[PDB]
There are 2 protein chains.
Amino acid sequence: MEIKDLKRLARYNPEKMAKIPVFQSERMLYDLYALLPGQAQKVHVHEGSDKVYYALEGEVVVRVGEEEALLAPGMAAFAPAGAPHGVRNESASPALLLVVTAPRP
Amino acid sequence: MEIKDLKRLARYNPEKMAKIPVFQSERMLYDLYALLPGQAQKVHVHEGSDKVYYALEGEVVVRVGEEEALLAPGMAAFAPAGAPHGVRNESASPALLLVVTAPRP
Ligand SMILES: [Cl-]
Ligand code: NA
């Protein structure tokens, strides 16, 4: 079956953040976002999907709507469709997120 | 912004596995499954939804289709639509899973 150790899949790119697909689903994106310090997924609105950022490792500043919060390990932030959202690693350490998007964009 | 510390949401039902919705998304179920030893999510089939189990804490024996594997902490298992799936906490410790089902069944 498709069963993986998420952290072991994480690959950080010095040039820019990386999105590492965990599973290939026709109904969602179940990815890892590997952000080195200073890297980020720019804030954007995706009207066709809901996204949930879950911090697996490290921390990122997650923005949903007009709010930002520190998404520390173990925390999940919900970015429902229409809400501008993004994550930025402002820390001095890598940050790894489990990012789920439904439906598949 | 809806941001939650997943572990802090865990609650256990002694009579049966506790299903604790993390977020109410129209696009997916993003739930926590709190399984005390011996508890389980009986085998189920979502003809039109994919489900991904991610072991936040503890371990469960995850069944997806014709296979069963130990879903240890940090591991995620993918149950594509149609595949019978379930999780059983056969350990002597509680298990907490982040379970995503998309779309909502
Ligand atoms: Cl993909
Ligand atoms: Na069913």
Side-chain angles (χ1 to χ4, degrees), chain A residues 1-10 21-32 46-57 60-85 87 96 98-105, chain B residues 1-10 21-32 46 48-57 59-85 87 96 98-105:
Chain A
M1 68 174 74
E2 283 301 274
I3 177 170
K4 309 178 179 182
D5 180 305
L6 303 190
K7 292 185 175 182
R8 293 187 177 185
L9 298 173
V22 177
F23 296 118
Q24 192 177 85
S25 167
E26 316 187 322
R27 303 177 174 74
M28 69 176 92
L29 293 190
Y30 196 89
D31 300 344
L32 296 181
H46 189 318
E47 307 184 317
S49 63
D50 279 11
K51 176 172 286 181
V52 177
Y53 293 101
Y54 172 71
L56 289 172
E57 189 86 81
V60 297
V61 173
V62 62
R63 171 183 172 185
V64 178
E66 300 305 297
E67 188 187 309
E68 294 192 315
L70 182 65
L71 191 71
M75 296 177 77
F78 178 43
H85 60 281
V87 286
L96 185 64
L98 165 56
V99 187
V100 175
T101 301
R104 184 187 177 76
Chain B
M1 180 202 310
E2 295 185 38
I3 184 166
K4 305 190 186 187
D5 184 320
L6 302 197
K7 273 50 170 298
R8 297 196 57 213
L9 295 172
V22 177
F23 298 116
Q24 287 306 313
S25 164
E26 304 187 309
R27 303 295 190 169
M28 65 178 117
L29 293 184
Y30 194 93
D31 300 337
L32 289 180
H46 290 310
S49 296
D50 283 2
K51 189 164 189 175
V52 180
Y53 296 103
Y54 168 67
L56 292 166
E57 305 184 311
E59 58 185 55
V60 296
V61 172
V62 58
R63 177 200 168 173
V64 177
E66 300 174 271
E67 300 172 295
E68 282 199 306
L70 179 59
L71 189 71
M75 298 183 86
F78 175 46
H85 55 280
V87 287
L96 185 62
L98 170 48
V99 188
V100 178
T101 303
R104 297 175 60 83

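Labels below follow one simple rule: chain letters A, B, ... track the order of the sequence lines, proteins then strands, and each chain is numbered from 1.
- In terms of heavy-atom pairs under 4.5 angstrom with chain B, the leader among A/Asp5, A/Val100, A/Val52 is A/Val52.
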Which pairs of donor and acceptor atoms, one on a side chain in residues 23-30 of chain B, lie under 3.5 Å apart (sequence neighbours left out)?
| residue | atom | partner | partner atom | Å |
| --- | --- | --- | --- | --- |
| B/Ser25 | OG | A/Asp50 | OD2 | 2.5 |
| B/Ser25 | OG | B/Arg27 | N | 3.0 |
| B/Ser25 | OG | B/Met28 | N | 3.3 |

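- Of the two parts of A/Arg63, only the backbone, made up of N, CA, C and O, holds a non-hydrogen atom closer than 4.5 Å to a non-hydrogen atom of chain B.
- With ring centers used as reference points, B/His85 lies under 6.0 Å from B/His46.
- Within the 4.5 angstrom heavy-atom criterion, no atom of A/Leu9 approaches chain B.
- Under a 3.5 Å cut-off, the side chain of A/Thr101 and the backbone N or O of A/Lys51 do not form any donor-acceptor pair.
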Name every donor-acceptor pair, under 3.5 Å, that has one atom in a side chain of residues 67-84 of chain B and the other anywhere in the protein, sequence neighbours excluded.
| residue | atom | partner | partner atom | Å |
| --- | --- | --- | --- | --- |
| B/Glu67 | OE1 | A/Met1 | N | 2.5 |
| B/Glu67 | OE2 | A/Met1 | N | 3.4 |
| B/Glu68 | OE1 | B/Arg88 | NH2 | 3.2 |
| B/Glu68 | OE2 | B/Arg88 | NH2 | 2.8 |

